[PDB]
There are 2 protein chains.
Amino acid sequence: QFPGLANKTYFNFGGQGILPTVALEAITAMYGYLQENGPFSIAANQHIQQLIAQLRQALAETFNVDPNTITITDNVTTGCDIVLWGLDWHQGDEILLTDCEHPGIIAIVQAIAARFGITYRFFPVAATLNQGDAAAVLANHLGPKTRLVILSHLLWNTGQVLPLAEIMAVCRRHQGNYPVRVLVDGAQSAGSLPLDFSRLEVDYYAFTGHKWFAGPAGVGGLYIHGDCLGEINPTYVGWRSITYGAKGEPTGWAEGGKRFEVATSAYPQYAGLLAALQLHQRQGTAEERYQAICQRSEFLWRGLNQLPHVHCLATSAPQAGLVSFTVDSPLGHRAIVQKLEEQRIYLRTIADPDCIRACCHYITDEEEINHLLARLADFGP
Amino acid sequence: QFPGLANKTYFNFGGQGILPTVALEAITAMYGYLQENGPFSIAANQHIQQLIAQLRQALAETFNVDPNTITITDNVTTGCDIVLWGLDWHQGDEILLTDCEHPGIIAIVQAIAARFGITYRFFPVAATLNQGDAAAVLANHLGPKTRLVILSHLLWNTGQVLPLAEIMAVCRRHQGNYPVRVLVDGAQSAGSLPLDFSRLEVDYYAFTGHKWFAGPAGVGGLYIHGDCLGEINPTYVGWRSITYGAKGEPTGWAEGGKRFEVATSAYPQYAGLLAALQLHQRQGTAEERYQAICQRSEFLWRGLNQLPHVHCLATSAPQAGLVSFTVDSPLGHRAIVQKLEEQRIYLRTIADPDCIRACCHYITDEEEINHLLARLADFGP
Ligand SMILES: *Cc1c(COP(=O)(O)O)cnc(C)c1O
Ligand SMILES: *Cc1c(COP(=O)(O)O)cnc(C)c1O
Ligand SMILES: [K+]
Ligand SMILES: [K+]
């Protein structure tokens, strides 16, 4: 089902997932349906709306929530933009971010700091990979003017799974000027960690379909708890954001998460993500998949611990699919990732901390891991 | 080149254009390249950057401007959102829009009005299709606090091509608290009218690739004149919006239009738009295609004038590919458009004014028009 795995040794699922055949087929089929019936017509427009509804519903079931809490976007970042720009920011309001957030999210925060006179600071979580408590660290920085905390559930650089429940509790418990809310960047967590927003209390959770869920680049989504929807004012809007009157005039916002959806999107892509989501559900529960992922990452991590010139950032087994490490070599990590790609082995260079990252998915096998280990063994001081 | 045309009588290019074979081949080829070489890898990441540059350059050439003035988006609306959310609004600032604008664009204006305390007022252009002067109407509405004027170069409802150069002169001649700027919604104009932004002076021009350009749904763009770039602050941003520091940290805004590009997008669809753009240039110059479009629209317009129960809104030949008309019948335009679709004849119901719209492209032929005419003859009072 994942053709792309053959003839390469892929560990970059956290960059982009390998697109399954069923997903490509659905994308191709959707273009065919539009050619045959439209592309712009009563039949085609209806089919597109039915497809959007099917995808919204599939995402809702994925996280065990009502479809009205799901917004379809193009990527992780957009979800973050929706939440951040939607909040009614007042000068001096404060935003706390872990020191392991994505450059693009930081950039939104900076744009918002400059726009509403808000402030932001980082709390050190990187250092808690092997010790400490990121929740305790957060508390330590929580203030009276803190309004929003931004954190990645699974860190893209170190592979740490942040203690989300305790960080939420720490946040509820807090008594300040604002009820502290938490925007979660789920780029790495969604599709790898089992996520249930019924059993797990979340405020905002942005994710994408193109990484661990293995859908095509260009389709992602955003979860907003019903109790937080009101606080989020639509910002980028368009014809998909509203309801219409008798003369075709705007008459209010569309139902639930639809108000944050803009206008024409690559619909066939939606069918691709739908197919990819349905495939993963065909392969055991989220929990069984997560355990499969950890068994692969621990096997790789254990393998790396045995190589004399490789040093894993994690001193205990990885809590998810991300395994970061450094290599003792004059070459530098970029040259090593490049040479590895020369041999059709795909890993990623991490900018901070300066290291290399490997992603193991439930479709990764030991043979691919042993291959990586054999070629990594070639580097040294 | 446009397989979708056979076996239907399509007049809905203004809704979505028929996708040419070369575009579907480029889309498919891009998924294949990602499968073979990535999808996330040095080779794949470079191939995508090269693709984005090629598309940005082809758009730049289409409008005869420098690539730095072009932002790639997913649709017309996003271009309007970028400009509107980026201007430094102050309470009391006023926006004028024609009474023929898209409901989605009015929705952004109301959100801005609500967020920055600006005000908006409509000016009547719909009634200027056959008489009067849209620029003069705008002159009679310009005020002391007028900062921006929003208008569609080609009206999606009546098919009128507004006198843009004259409107620009009017705005530039006006003396008030602000240099009056103009945001053009080019959803119908781009890809049908020949547009040269070095000959035609323009401030902000939003467009999409999925209508007259015949690209796939999900890719569009925005033009911003070099002297206005400084006035548009980035709003929705992400990793594609910035320049980077030695440690992977954000250090500024990316060059030119890139500052308004966010994050992961439907890259194979970009190759699709690129191939469609190239196909049109191979058919003839923008001017030749425009003349062919008008030849078709006038032939259609003429035929409709001969039918006793059909009444074209335009009393002189259409200035572009859009031909709107009403039908004297107890059925109602929506029911008529549905009956036509049942016969695989594709038109669009217009909410205001209450009419039907047909779109003729350079690929439309006489047999299709005559067949449409044949079927409309059946409706009567
Ligand atoms: C991939 C990634 C993003 C960016 O994702 P897009 O889908 O391109 O927005 C954001 N954050 C983290 C932590 C990532 O790993
Ligand atoms: C079609 C259309 C739009 C909407 O285009 P999207 O690409 O879906 O944003 C906006 N304005 C006019 C005048 C249109 O005809
Ligand atoms: K080791
Ligand atoms: K007539």
# chains A, B, ... in the order shown; residues from 1 in each chain; ligands from 1

$ residues_near_ligand --ligand "ligand 3" --cutoff "12 Å" --atoms "only C-alpha atoms and all ligand atoms" --output "list in words"
residues 300, 301, 302, 303, 304, 305, 306, 307, 308, 309, 310, 311, 312, 313, 314, 315, 324, 325, 326, 327, 328, 373, 376, 377 and 380 of chain A

$ interface_residues --of "chain A" --to "chain B" --cutoff "6 Å" --atoms "only C-alpha atoms" --output "VMD selection string"
chain A and resid 4 15 to 16 35 40 75 81 103 to 104 108 217 to 218 236 to 239 247 to 248 264 to 266 351

$ write_last_selection --atoms "N, CA and C atoms" --output "CSV table (one decimal), in the first residue's frame"
chain,number,residue,atom,x,y,z
A,4,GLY,N,6.0,4.0,-2.3
A,4,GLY,CA,7.2,4.8,-2.1
A,4,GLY,C,8.3,4.2,-1.2
A,15,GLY,N,8.6,14.8,8.2
A,15,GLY,CA,8.8,15.9,7.2
A,15,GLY,C,7.5,15.8,6.4
A,16,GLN,N,7.3,14.6,5.7
A,16,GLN,CA,6.1,14.3,4.9
A,16,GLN,C,6.0,12.8,4.9
A,35,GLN,N,-14.0,16.4,-14.0
A,35,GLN,CA,-14.0,16.6,-15.5
A,35,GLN,C,-15.3,16.1,-16.0
A,40,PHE,N,-17.5,23.0,-12.6
A,40,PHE,CA,-18.4,23.8,-11.8
A,40,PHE,C,-19.8,23.5,-12.3
A,75,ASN,N,-2.6,23.2,6.2
A,75,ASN,CA,-1.4,22.8,6.9
A,75,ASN,C,-1.5,23.1,8.4
A,81,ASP,N,-2.3,30.1,12.8
A,81,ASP,CA,-2.7,31.5,12.5
A,81,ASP,C,-4.1,31.9,12.8
A,103,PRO,N,9.9,27.4,13.7
A,103,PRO,CA,10.2,28.8,13.3
A,103,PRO,C,9.0,29.5,12.8
A,104,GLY,N,8.2,28.8,12.0
A,104,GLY,CA,7.0,29.5,11.5
A,104,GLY,C,6.0,30.0,12.5
A,108,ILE,N,4.7,33.9,13.7
A,108,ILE,CA,3.3,34.4,13.8
A,108,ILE,C,3.3,35.2,15.1
A,217,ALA,N,0.5,16.7,0.6
A,217,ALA,CA,0.8,18.0,1.0
A,217,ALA,C,-0.3,19.0,0.6
A,218,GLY,N,-0.8,19.8,1.6
A,218,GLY,CA,-1.8,20.7,1.3
A,218,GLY,C,-3.1,20.6,2.0
A,236,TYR,N,-9.0,35.5,8.4
A,236,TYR,CA,-9.0,35.3,6.9
A,236,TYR,C,-10.3,34.6,6.6
A,237,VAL,N,-11.2,35.2,5.9
A,237,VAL,CA,-12.5,34.7,5.6
A,237,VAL,C,-12.8,34.8,4.1
A,238,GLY,N,-13.9,34.1,3.7
A,238,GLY,CA,-14.3,34.2,2.3
A,238,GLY,C,-15.7,33.5,2.1
A,239,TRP,N,-16.0,33.1,0.9
A,239,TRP,CA,-17.3,32.6,0.7
A,239,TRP,C,-17.7,31.3,1.5
A,247,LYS,N,-31.0,37.3,-1.2
A,247,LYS,CA,-30.4,37.9,-2.4
A,247,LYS,C,-28.9,37.5,-2.5
A,248,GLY,N,-28.5,36.5,-1.8
A,248,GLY,CA,-27.1,36.0,-1.9
A,248,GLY,C,-26.1,36.8,-1.0
A,264,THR,N,-11.9,28.7,-2.5
A,264,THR,CA,-11.5,27.5,-3.3
A,264,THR,C,-10.2,26.9,-2.9
A,265,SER,N,-10.3,25.6,-2.6
A,265,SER,CA,-9.2,24.7,-2.2
A,265,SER,C,-9.0,23.6,-3.1
A,266,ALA,N,-7.9,22.8,-3.0
A,266,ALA,CA,-7.6,21.7,-3.9
A,266,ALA,C,-8.4,20.4,-3.4
A,351,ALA,N,18.1,22.0,13.2
A,351,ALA,CA,19.0,23.2,13.4
A,351,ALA,C,19.3,23.5,14.8

$ residues_around --residues "residue 125 of chain B" --least-positions-apart "4" --cutoff "7 Å" --atoms "only C-alpha atoms" --output "number ranges by chain"
B: 98-100, 134

$ write_last_selection --atoms "N, CA and C atoms" --output "PDB file, in the first residue's frame"
ATOM      1  N   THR B  98     -18.043  48.268  -4.827  1.00  0.00           N
ATOM      2  CA  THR B  98     -19.136  48.389  -5.782  1.00  0.00           C
ATOM      3  C   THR B  98     -20.266  47.523  -5.283  1.00  0.00           C
ATOM      4  N   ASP B  99     -21.431  47.698  -5.891  1.00  0.00           N
ATOM      5  CA  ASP B  99     -22.573  46.892  -5.501  1.00  0.00           C
ATOM      6  C   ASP B  99     -22.559  45.580  -6.295  1.00  0.00           C
ATOM      7  N   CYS B 100     -21.429  45.251  -6.917  1.00  0.00           N
ATOM      8  CA  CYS B 100     -21.298  44.010  -7.676  1.00  0.00           C
ATOM      9  C   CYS B 100     -20.155  43.108  -7.165  1.00  0.00           C
ATOM     10  N   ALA B 134     -19.000  54.321 -14.503  1.00  0.00           N
ATOM     11  CA  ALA B 134     -18.640  53.812 -13.184  1.00  0.00           C
ATOM     12  C   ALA B 134     -17.591  54.699 -12.483  1.00  0.00           C
TER      13      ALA B 134
END

$ atom_distance --atom1 "atom CA of residue 201 of chain A" --atom2 "atom CA of residue 60 of chain A"
14.8 Å

$ residues_around --residues "residue 318 of chain B" --least-positions-apart "5" --cutoff "9 Å" --atoms "only C-alpha atoms" --output "list in words"
residues 159, 160, 161, 294, 297, 298, 301 and 323 of chain B

$ residues_around --residues "residue 70 of chain B" --least-positions-apart "3" --cutoff "8 Å" --atoms "only C-alpha atoms" --output "list in words"
residues 56, 59, 60, 66, 67, 221, 222, 223, 224, 256, 257 and 258 of chain B

$ residues_around --residues "residue 144 of chain B" --least-positions-apart "2" --cutoff "10 Å" --atoms "only C-alpha atoms" --output "PyMOL selection string"
chain B and resi 93-94+142+146-147+174-178

$ write_last_selection --atoms "N, CA and C atoms" --output "compact mmCIF listing (two decimals), in the first residue's frame"
# COMPACT_ATOMS: atom_id res chain seq x y z
N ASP B 93 -11.57 55.18 9.16
CA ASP B 93 -11.10 54.98 7.79
C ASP B 93 -12.29 54.39 7.02
N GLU B 94 -12.42 54.75 5.76
CA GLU B 94 -13.52 54.22 4.98
C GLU B 94 -13.10 53.41 3.75
N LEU B 142 -16.50 59.36 -3.30
CA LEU B 142 -15.24 59.55 -2.59
C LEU B 142 -15.44 60.59 -1.49
N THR B 146 -11.90 58.22 2.84
CA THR B 146 -11.82 57.09 1.92
C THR B 146 -10.38 56.68 1.77
N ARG B 147 -10.07 55.43 2.11
CA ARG B 147 -8.70 54.95 2.04
C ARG B 147 -8.49 53.90 0.97
N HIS B 174 -8.00 62.32 -6.38
CA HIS B 174 -8.68 62.68 -5.14
C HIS B 174 -7.78 63.15 -3.98
N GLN B 175 -8.20 64.22 -3.32
CA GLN B 175 -7.43 64.73 -2.20
C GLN B 175 -8.23 64.60 -0.91
N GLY B 176 -7.72 63.77 -0.02
CA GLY B 176 -8.38 63.52 1.24
C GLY B 176 -7.32 63.16 2.24
N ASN B 177 -7.73 62.52 3.33
CA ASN B 177 -6.77 62.16 4.35
C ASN B 177 -5.78 61.12 3.85
N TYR B 178 -6.15 60.38 2.81
CA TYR B 178 -5.26 59.35 2.29
C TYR B 178 -5.11 59.28 0.79

$ select_by_dssp --residues "segment 88-291 of chain A" --states "strand (DSSP E or B)" --output "PyMOL selection string"
chain A and resi 94-98+119-123+146-152+154+161+181-185+190+193+204-208+220-224+242-244+250-253

$ atom_distance --atom1 "atom 8 (O, counted along the ligand's line) of ligand 1" --atom2 "atom CA of residue 215 of chain A"
12.8 Å

$ select_by_dssp --residues "segment 233-348 of chain B" --states "alpha helix (DSSP H)" --output "PyMOL selection string"
chain B and resi 267-283+286-306+333-342

$ decode --residues "segment 154-270 of chain B" --atoms "C-alpha atoms" --output "compact mmCIF listing (two decimals), in the first residue's frame"
# COMPACT_ATOMS: atom_id res chain seq x y z
CA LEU B 154 -14.85 42.20 -14.78
CA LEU B 155 -18.14 41.90 -12.81
CA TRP B 156 -19.01 38.27 -12.08
CA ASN B 157 -22.74 39.06 -12.20
CA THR B 158 -23.42 41.42 -15.13
CA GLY B 159 -20.32 40.82 -17.24
CA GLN B 160 -19.34 44.52 -17.27
CA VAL B 161 -15.66 45.35 -17.65
CA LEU B 162 -15.17 48.38 -15.37
CA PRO B 163 -13.11 51.33 -16.74
CA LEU B 164 -10.09 50.57 -14.55
CA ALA B 165 -7.58 53.13 -15.82
CA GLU B 166 -10.21 55.85 -15.52
CA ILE B 167 -11.15 54.67 -12.03
CA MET B 168 -7.47 54.67 -11.05
CA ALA B 169 -7.11 58.28 -12.32
CA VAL B 170 -10.15 59.32 -10.29
CA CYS B 171 -8.70 57.77 -7.13
CA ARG B 172 -5.26 59.25 -7.76
CA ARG B 173 -6.71 62.70 -8.37
CA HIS B 174 -8.68 62.68 -5.14
CA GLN B 175 -7.43 64.73 -2.20
CA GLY B 176 -8.38 63.52 1.24
CA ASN B 177 -6.77 62.16 4.35
CA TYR B 178 -5.26 59.35 2.29
CA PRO B 179 -3.82 58.54 -1.11
CA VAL B 180 -6.80 56.46 -2.24
CA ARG B 181 -5.68 52.91 -3.10
CA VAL B 182 -7.53 50.30 -5.22
CA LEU B 183 -7.81 46.55 -4.62
CA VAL B 184 -8.93 44.77 -7.77
CA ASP B 185 -10.72 41.42 -7.58
CA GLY B 186 -9.59 39.92 -10.91
CA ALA B 187 -11.45 36.58 -10.63
CA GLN B 188 -13.07 37.03 -14.05
CA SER B 189 -10.54 39.39 -15.67
CA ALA B 190 -7.29 37.43 -15.25
CA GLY B 191 -6.88 34.88 -18.01
CA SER B 192 -9.56 36.48 -20.20
CA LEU B 193 -8.69 40.19 -20.53
CA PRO B 194 -5.15 40.98 -21.69
CA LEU B 195 -3.53 42.47 -18.57
CA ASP B 196 -0.20 44.32 -18.49
CA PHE B 197 0.59 45.90 -15.15
CA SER B 198 3.40 48.01 -16.60
CA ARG B 199 1.01 49.68 -19.07
CA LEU B 200 -2.02 49.62 -16.79
CA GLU B 201 -1.10 51.21 -13.41
CA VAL B 202 -2.41 49.04 -10.59
CA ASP B 203 -2.08 48.92 -6.78
CA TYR B 204 -3.26 45.42 -5.66
CA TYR B 205 -4.66 42.79 -8.04
CA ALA B 206 -5.96 39.43 -6.70
CA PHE B 207 -6.62 36.49 -8.99
CA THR B 208 -6.96 32.74 -9.16
CA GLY B 209 -5.69 30.13 -11.54
CA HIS B 210 -8.76 27.94 -11.50
CA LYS B 211 -11.17 29.96 -13.62
CA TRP B 212 -10.16 31.50 -16.94
CA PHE B 213 -6.53 30.26 -16.60
CA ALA B 214 -7.94 26.72 -16.42
CA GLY B 215 -5.60 25.54 -13.63
CA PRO B 216 -6.78 23.13 -10.92
CA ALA B 217 -8.83 24.34 -7.94
CA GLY B 218 -6.48 25.46 -5.14
CA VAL B 219 -3.90 27.76 -6.68
CA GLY B 220 -4.10 31.53 -7.33
CA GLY B 221 -2.02 34.61 -6.70
CA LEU B 222 -1.76 38.24 -5.79
CA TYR B 223 -0.02 41.17 -7.41
CA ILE B 224 1.21 44.09 -5.25
CA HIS B 225 2.96 47.04 -6.92
CA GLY B 226 6.45 47.62 -5.61
CA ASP B 227 5.57 50.95 -4.00
CA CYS B 228 2.66 49.50 -2.03
CA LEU B 229 4.47 46.47 -0.63
CA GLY B 230 5.62 48.45 2.39
CA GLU B 231 2.03 49.20 3.37
CA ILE B 232 0.91 45.59 3.58
CA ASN B 233 2.03 43.99 6.83
CA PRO B 234 2.16 40.18 6.75
CA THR B 235 -0.72 38.67 8.71
CA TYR B 236 -1.09 34.96 8.19
CA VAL B 237 2.52 33.79 8.07
CA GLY B 238 4.58 30.67 8.64
CA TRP B 239 7.87 29.05 7.67
CA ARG B 240 7.55 30.20 4.04
CA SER B 241 7.24 33.86 5.11
CA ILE B 242 10.65 34.42 6.68
CA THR B 243 14.43 34.57 6.31
CA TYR B 244 16.43 32.43 8.73
CA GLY B 245 19.25 32.87 11.22
CA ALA B 246 22.26 30.64 11.82
CA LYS B 247 20.27 28.67 14.39
CA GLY B 248 17.16 28.25 12.25
CA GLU B 249 15.43 31.20 13.96
CA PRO B 250 13.30 33.80 12.08
CA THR B 251 15.33 36.90 11.17
CA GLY B 252 12.99 38.87 8.94
CA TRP B 253 10.42 38.71 6.15
CA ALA B 254 11.24 36.79 2.96
CA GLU B 255 11.80 38.84 -0.22
CA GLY B 256 8.93 40.39 -2.16
CA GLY B 257 5.67 38.47 -2.28
CA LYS B 258 7.04 35.47 -0.37
CA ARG B 259 6.39 37.27 2.94
CA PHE B 260 2.69 36.52 2.41
CA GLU B 261 3.12 32.78 1.71
CA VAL B 262 2.47 30.57 4.72
CA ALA B 263 3.38 26.91 4.85
CA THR B 264 2.82 23.50 3.16
CA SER B 265 0.71 23.76 0.00
CA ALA B 266 -0.63 21.59 -2.83
CA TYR B 267 2.65 21.60 -4.80
CA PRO B 268 1.54 19.18 -7.49
CA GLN B 269 -1.35 21.59 -8.20
CA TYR B 270 1.22 24.38 -8.70
